[PDB]
Amino acid sequence: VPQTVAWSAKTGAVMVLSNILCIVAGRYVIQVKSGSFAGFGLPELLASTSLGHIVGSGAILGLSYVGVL
Amino acid sequence: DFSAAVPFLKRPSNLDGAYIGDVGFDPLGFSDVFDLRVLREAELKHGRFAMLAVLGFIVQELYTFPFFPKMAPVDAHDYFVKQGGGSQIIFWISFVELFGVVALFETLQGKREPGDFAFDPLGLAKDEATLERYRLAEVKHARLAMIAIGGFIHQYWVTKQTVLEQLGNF
Amino acid sequence: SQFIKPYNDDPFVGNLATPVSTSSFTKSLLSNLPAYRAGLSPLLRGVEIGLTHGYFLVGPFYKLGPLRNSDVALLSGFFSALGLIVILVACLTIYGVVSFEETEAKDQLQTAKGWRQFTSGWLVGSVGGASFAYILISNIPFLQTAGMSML
Amino acid sequence: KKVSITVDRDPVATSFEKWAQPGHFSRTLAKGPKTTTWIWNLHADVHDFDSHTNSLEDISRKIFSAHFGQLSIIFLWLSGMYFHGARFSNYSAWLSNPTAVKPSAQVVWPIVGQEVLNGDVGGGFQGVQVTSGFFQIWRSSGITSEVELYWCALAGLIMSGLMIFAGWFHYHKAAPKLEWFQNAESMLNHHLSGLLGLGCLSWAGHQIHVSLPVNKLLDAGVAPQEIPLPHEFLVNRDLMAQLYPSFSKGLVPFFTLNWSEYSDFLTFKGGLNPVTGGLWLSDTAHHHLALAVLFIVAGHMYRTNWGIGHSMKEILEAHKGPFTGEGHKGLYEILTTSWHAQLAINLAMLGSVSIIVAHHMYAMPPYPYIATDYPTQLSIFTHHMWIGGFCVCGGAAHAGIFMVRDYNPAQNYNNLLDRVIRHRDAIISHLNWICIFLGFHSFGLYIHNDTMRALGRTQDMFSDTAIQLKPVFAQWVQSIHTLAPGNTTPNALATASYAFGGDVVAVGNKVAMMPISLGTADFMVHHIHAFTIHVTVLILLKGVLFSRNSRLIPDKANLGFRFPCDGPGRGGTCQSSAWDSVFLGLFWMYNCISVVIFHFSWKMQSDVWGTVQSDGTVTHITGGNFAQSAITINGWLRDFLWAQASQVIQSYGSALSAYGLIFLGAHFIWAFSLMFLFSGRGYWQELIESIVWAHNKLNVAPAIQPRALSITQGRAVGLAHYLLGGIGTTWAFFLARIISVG
Amino acid sequence: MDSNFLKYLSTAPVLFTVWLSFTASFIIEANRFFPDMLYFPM
Amino acid sequence: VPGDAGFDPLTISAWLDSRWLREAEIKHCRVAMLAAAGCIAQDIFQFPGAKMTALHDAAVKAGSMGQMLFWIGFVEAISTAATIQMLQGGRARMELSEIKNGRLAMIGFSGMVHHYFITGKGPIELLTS
């Protein structure tokens, strides 16, 4: 079984990082919608944090698997 | 615009107060889908069954016929399932309900009020005004007895005491 | 960029120019092949095709034939290949007789004389190729086995 | 907000008037019958909605309400299976002793001596043995009571009433407009996220909270009435944490992403449960939870009302290369304006999924005690092969209907359809060649082996003892899947299926699953499969590609999808329609699926199913005769059909005598079909003329003039009786054989 | 009762299924009470 | 319109109906007001013969929570009819006062339940200790 850990500030760091990474990515790549103050709506934010949680969870589970944590 | 009973709900389109006992109460919108005539047929039939049953409870605790064993009304349901008198009552109800099917066809064809069987042997209804007053009373009693019989059977299921003995005890 | 076009710049012809049908590699291979080679005599066309076909016919008859487990497997395989060559050369002969009306010109396969020259070349090539396969398999032990001689 | 709900209110009046006028839906049929052909033409075109109305809106409304009617029928059917399990079954007796009691949920009335069909299935019970696998489903659900089966029957009944109400409501009260139906992005988002995703999520939740505790208690050995009721696991988290100690921590490990705490009940074990011979339900719970996450995530792909998402039109129009012209341009317009194009795709996919279901369910038995209930394993494999094959041929049927009717060349210039129709001779000629090559090199190997074995030349055969056609690629893939646990699936503990190699799983001394070795006979029958699938594709594809026109008939689209011919000229154009290729390909589907179920039945009896003796020896049902006898046709005739038809033929006077009767009855129906298949309408019309004369003589001629069936209907009736007869023969043969011996 | 629903119940498949179910039903009932009638008893 | 401090930083009002949002806010307000008044009341006094979250768990066994759920569910079904109809189709000061007090009670109850998770104490107990 892959080794996962209880929540720590490092897990929080990975989630926060992945979320911000996806906010910036969503500002660049979402085709239908002041770098972040132009056309930034709730759907765009909600979609990017949805992916940020998907990417963050995948990253946390993988970095816990390999030992990086 | 809005319902007399529920102030914040709008009055159902099919409920115009033509049927006595109407207060606009139909939130789930069963009258927007189904024929109100059929629904008033069903309301009065369920209520008349319930009124006869609540009097059925009360009299059956107070008295029972000497040829039948003394026992509780739900036990009476099971005894008359196994004895044959339940099948008798079911047959005669079903026999009357055949002409009830004919009566409901008369209602659907527009030629009969939903609860009218012209059953006034004792001539208690004198004119239209008292008939309307009695009719509102009948629907109110019908609805109240539907809730009451559910209470009597459910209370017996929870506490194995009859309605008169449950008032007498506790 | 479109890699499929109408064949011969004619849209209503019943073919499509495609990479498989009309690449330069396909055109080079067909032209190089003896049947379509320019400058090749019909007899010479038959000799090259025959040498090829007779050479590879011996192997399935030899390796998978009824007499394969016998020591006469190669002789049986050659004879079976030779018999198939004689049946096929009869087929070539009868096709030539019925298909082509007799004409003086022999420079093409699609002529009575040209198909007769082709059949002549195919028989000589096929018997020679079958014989060449027999000589090679008999001499080389590895060819006698299925490649398991090393094992 | 361009994705919106739009409905016409009270479109169609709920009246019995059109019920009383049969044929009301078409202008041809509404003027009444003059010949008996009208009667047949009534049923033949009833569900052909786009033949009655021009408007796509009324067509879509009719389809939506007919889908609710179908769902109502399925829910009524399910409610009946639950009620027959509750009332007319030995389910409670089967729960106590799953390996000895035979499932039975059907009891016959004693009327004409037919009460012999109430055989002794076990558990103090007499009834017809049932093979649908419902008992194993219910044990997997954790039902453990007939009362809960009554509640499931009522839940099915309520759903059946709600679907028939919804079909009435959505046709007659609030029918959606066409712009509602043409929301493929919204529908896909909801059917991936909501239908499949919350379906898996809710089912995984049920498995974790109900199936897992009840089945752990059942496999521990606790009697079904000693097991706590399924809500007592929901409330008493302490009692649930006894069985699975991870429940002591609750939902904090889920949200904090500490998911390895849940490894008690969300496993990746693989293999089978040794007690039941079924899949580990902890694996199934993890499986459904993982599918739920991806299905919900997938249902966020498409753009609906907020700018995030894909336009499927943009995805399709961007995929074009140098070989394929304009590419997938115009396919979105097709699939949101043609119902038949959607039905062609979805029927081919539903059939493919049903075929995948049959292979995966036998190999990885998913229910407790289903692997060693061999009548159920054979029944559900054979059933889902037939549902798969039928649905695949209906995918080609509605591809033909799309091509004949909904295809417009103006909107399909130089796209993928245009290019396929413009090289259909190359497609059909190469498919024709591969089918000839593969009939020669699969069935001709059988003819070679028949000949050599008949000639005394056993050294000249394709066999394991002679020339060995080994399936090296299939054996190699089996090697990889046996080596996969700990190597390429490191966190797996066992193989995905024991069919690939590994242990023999035995339950109640009967083999649940065991390695299926592949030899020369398996190479030969798999290339038989590749051949029969290829030829069925050739007939169905040749019908789709040549539905609109040929070199033979240049205006075939003007004759329609379903026409009998265009006369005896051009040499004869009998069966030139796309319909007649569906007609001819349903025979080849029948041929394909019949060989698949025969291969499965013989291979599982010969090499998988049987009893485990002391020292782990497995005595198989037909004793390993597949390897040396499935290489000849005489072996299939002798050692499979003749040897195993013993049970149907000798079933009279027993509980399996119904199978003997259906065996004979279906041989009858199959033969009776050939009257419609080998004959033509003109014979029967002249014979009917003489019979009409005999009626005229007695002044008893009918006013609806009797006609011989149409040419197409004679073909359809012949095919329907042929399929019923063949499949019913195989159904009776399979079921009596495996109920007796397995 | 509605005349169009009665005209629907007068249609050929409904009457055929009801009449042959009634026919089947009294063959079943006659073979229930009086089974095994291979002959007219005399 | 009531309780409008111009506070919609994520702009929820742009992407959901202001009537559905206001119904949710007012229903959350009222429920939270009853809940917050309830939290302090349980510690202050107990109805004769009778924990922020554990008492809920005890009550479901006694059926006290179950009876409350059924009756609240019936009123809520009528409320669902009201919400659908609203979406389909002195006192001013009091509406603002109800919204502000309800928002304060939402935070209030939220504080009380997290206080219970922390010290295992009721809100009056938190003031006492």
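For clarity, chains are labelled A, B, C, D, E and F in written order, and residue numbers in each chain start from 1.
Heads up, the rule we're going with is that contacts are C-beta pairs under 8 Å (C-beta built on N, C-alpha and C of every residue); 3 or more make two chains touch, one makes a residue touch a chain.
Minimum number of contact steps separating chain D from chain E: 1. When the interfaces B-F and A-D are ranked by C-beta pairs in contact, the top one is A-D.
Taking the mean of each chain's C-alpha atoms as its centre, the chain lying closest to the overall protein C-alpha centroid is D.
Of all chains, the one whose mean C-alpha position sits at the greatest distance from that of chain A is E. Distance between chain centres (mean CA atoms), chain D to chain F: 51 Å. Distance from the chain A centre to the chain C centre is 66 Å, each centre being the mean of its Cα atoms.
Averaging Cα coordinates per chain places chain C and chain E 77 Å apart. With centres taken as mean Cα positions, chain D sits 49 Å from chain C.
Of all residues in chain F, those touching 2 or more other chains are 15, listed in ascending order.
Chain C has no residue in contact with two or more other chains. With touch defined as above, residues shared between interfaces to two or more other chains in chain D number as follows: 306. Contacts from chain F toward chain A in the complex involve residues 10-12, 14-15. Residues of chain F touching chain B in their complex: 77-78, 81-82, 85, 89. Only residues 41-43, 45 of chain A touch chain F when the two sit together in their complex. If you check the complex, the residues on chain D that touch chain A are 253, 256-261, 263, 297, 300, 303, 306-309, 491.
Residues 1-7, 11, 30-33, 41, 43-44, 47, 50, 54, 57, 60-61, 64 of chain A touch chain D in their complex.
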